[PDB]
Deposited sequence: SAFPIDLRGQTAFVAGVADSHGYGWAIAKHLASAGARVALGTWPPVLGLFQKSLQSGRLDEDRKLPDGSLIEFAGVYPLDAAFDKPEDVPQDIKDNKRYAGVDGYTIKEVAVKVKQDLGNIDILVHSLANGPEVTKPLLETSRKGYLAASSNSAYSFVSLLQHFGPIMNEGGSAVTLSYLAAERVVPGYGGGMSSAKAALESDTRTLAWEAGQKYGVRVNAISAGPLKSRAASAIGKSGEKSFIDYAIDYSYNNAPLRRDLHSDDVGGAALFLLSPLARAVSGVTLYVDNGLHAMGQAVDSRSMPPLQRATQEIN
């Protein structure tokens, strides 16, 4: 009864597997009585579906009481496209999309409205920076704009198409990284840039969507977590691995950051306990954000 989402329905954009923050959020949302629908990137939908029906993810679905998480729908969704006229021929051609239709944001909204009705909870757990491993001086207009398009406009588009089907008192969460506010070497490709805009837009949307639909809009700035999208930067030992160590050694709380930690925080920002909370960037990072200085620097002593 302190968090109780029975009755409510949630849509979680960006779940391809059990290793990202999206999975964890969906897991907790569901754990609280909500109906949870996923939006899944089409090229990877096939393998995800397999994973689920094979019983290969039955461990990662175990809710505290042994029950397994049901998903009330798993929708093809490419949040780089707002509507049909936007999808290139080479994508409709592309083998990997071959099989499913109705995967633009406008179309997924429409599918969800009539399959499930109005929703309560909207989760944006997805980014894509083609040139993430390039520093800004080496990132191209096209790679920068793609990172913006995939990782920030995607959120605005989602709100634009889901807010009309969202109940008054609904809530929406997205996910940033500290790079948005402060320099993080290695996080390139205009991703820092895009996250900064994701944060700005979390504020503007909180306003526009607060007034138009009474729907809250918040962000979590989250610490490093070895998701599959995170392992692919530098694709040996790599961006995320060093990120995890740096935070272990320098954060106020010395502990492993678990995907569920963001899961819990998301649950709060999407629950009635947060009815007065909007426009916020909430740090879920063991407190790393609060430091002005490394405590494991070579430039002092151990």
Self-check item: Deposited residues without C-alpha coordinates, grouped into stretches that follow sequence order
Solution: 1-2, 238-239, 307-315
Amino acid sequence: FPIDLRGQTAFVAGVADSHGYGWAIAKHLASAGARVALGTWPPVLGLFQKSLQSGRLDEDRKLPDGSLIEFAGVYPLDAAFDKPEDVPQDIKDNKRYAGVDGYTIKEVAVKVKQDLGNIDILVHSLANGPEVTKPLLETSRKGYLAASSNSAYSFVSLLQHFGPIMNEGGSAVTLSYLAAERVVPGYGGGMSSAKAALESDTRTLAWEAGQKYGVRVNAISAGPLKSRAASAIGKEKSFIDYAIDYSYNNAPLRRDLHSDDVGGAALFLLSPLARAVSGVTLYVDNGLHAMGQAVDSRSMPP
From here on, numbers count along this sequence of modelled residues.
Exercise. Check whether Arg254 has no coordinates in at least a third of the other compared PDB entries of this protein, counting only entries that model residues on both sides of it.
Key: no
Self-check item: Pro43: gap in at least one third of other compared structures
Solution: no
Practice problem: Select between 112-120 and 195-203 the stretch whose C-alpha atoms have the higher average B-factor in the entry. | Solution: 112-120
Quiz item: What stretch has the higher average Cα B-factor here, 271-279 or 44-52?
Solution: 44-52
Quiz item: Out of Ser171, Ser231, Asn150, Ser176, which shows the largest CA B-factor listed in the entry?
Solution: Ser231
Quiz item: Of the options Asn218, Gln89, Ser154, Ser221, which has the highest CA B factor as deposited?
Solution: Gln89
Exercise. Looking at the entry's B-factor column for C-alpha atoms only, identify whether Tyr187 ranks in the lowest, middle or highest third of its chain.
Key: lowest
Exercise. Report the third (lowest, middle or highest) to which the CA temperature factor of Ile105 belongs, ranking only the modelled residues of the same chain.
Key: highest
Quiz item: Is the Cα B-factor recorded for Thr139 in the lowest, middle or highest third of its chain?
Solution: lowest
Practice problem: Pull the Cα B-factor of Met166 out of the PDB entry and bin it into the chain's lowest, middle or highest third. | Solution: middle
Quiz item: Of the three thirds of its chain by CA temperature factor, lowest, middle or highest, which one includes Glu131?
Solution: middle
